[PDB]
Amino acid sequence: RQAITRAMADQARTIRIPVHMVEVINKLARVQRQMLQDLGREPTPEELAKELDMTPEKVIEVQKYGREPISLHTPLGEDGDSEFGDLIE
DNA sequence: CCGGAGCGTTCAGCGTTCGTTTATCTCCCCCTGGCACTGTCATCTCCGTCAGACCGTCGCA
């Protein structure tokens, strides 16, 4: 489990994230999911900040860092030739 | 009728203040290493192209 999650931290994401930041973001994700299934609603970032004992600015920074890139080759729709990479200057 | 005083400008003694560095002390980031009841084979793909060719492949003759 240790080696698999270490390689998941160091290799799964294209923009590499250090292992401590990976465990921080997935702990935040799992406690957010727990609060969502308990309260039945999306938890406010302030309550997440108090329950994680971190500052709200740290919480929103963590949510910002927890993203996934989108490929430049995703088609828009019916047309195959018009790409997502040709709409950005 | 030069002489002195006051005034303008310009420099040599030491006296303080800056401009730019240096090693030490907190706070944080980041990577490698530990966990000891057992727990020893996933995963859904893919169908109502399509049109015929080009080609190698392959078992029957």
# chains A, B, ... in the order shown; residues from 1 in each chain; ligands from 1
>>> interface_residues(of="chain A", to="chain B", cutoff="9 Å", atoms="only C-alpha atoms (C1' of nucleotides)", output="list in words")
residues 18, 19 and 20 of chain A
>>> write_last_selection(atoms="N, CA, C and O atoms", output="compact mmCIF listing (two decimals), in the first residue's frame")
# COMPACT_ATOMS: atom_id res chain seq x y z
N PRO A 18 3.78 16.76 -4.38
CA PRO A 18 4.52 16.03 -3.35
C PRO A 18 3.59 15.20 -2.47
O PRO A 18 2.40 15.48 -2.36
N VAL A 19 4.17 14.17 -1.85
CA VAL A 19 3.38 13.16 -1.16
C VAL A 19 2.62 13.75 0.02
O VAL A 19 1.48 13.35 0.31
N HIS A 20 3.22 14.72 0.73
CA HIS A 20 2.52 15.35 1.84
C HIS A 20 1.34 16.17 1.34
O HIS A 20 0.26 16.16 1.95
>>> select_by_dssp(residues="chain A", states="alpha helix (DSSP H)", output="ChimeraX atom specification")
/A:2-11,19-39,45-52,56-65
>>> residues_around(residues="residue A:74", least_positions_apart="4", cutoff="10 Å", atoms="only C-alpha atoms (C1' of nucleotides)", output="list in words")
residues 70, 80, 82, 83, 84 and 85 of chain A
>>> closest_residue(among="A:26, A:2, A:89, A:46", to="residue A:58", atoms="only C-alpha atoms")
A:46
>>> closest_residue(among="A:45, A:56, A:40, A:69", to="residue A:14", atoms="only C-alpha atoms")
A:69
>>> closest_residue(among="A:16, A:10, A:1, A:31", to="residue A:65", atoms="only C-alpha atoms")
A:16
>>> closest_residue(among="A:60, A:9, A:36, A:87", to="residue A:73", atoms="only C-alpha atoms")
A:87
>>> atom_distance(atom1="atom CA of residue A:67", atom2="atom CA of residue A:23")
14.4 Å
>>> closest_residue(among="A:78, A:86, A:51, A:68", to="residue A:32", atoms="only C-alpha atoms")
A:51
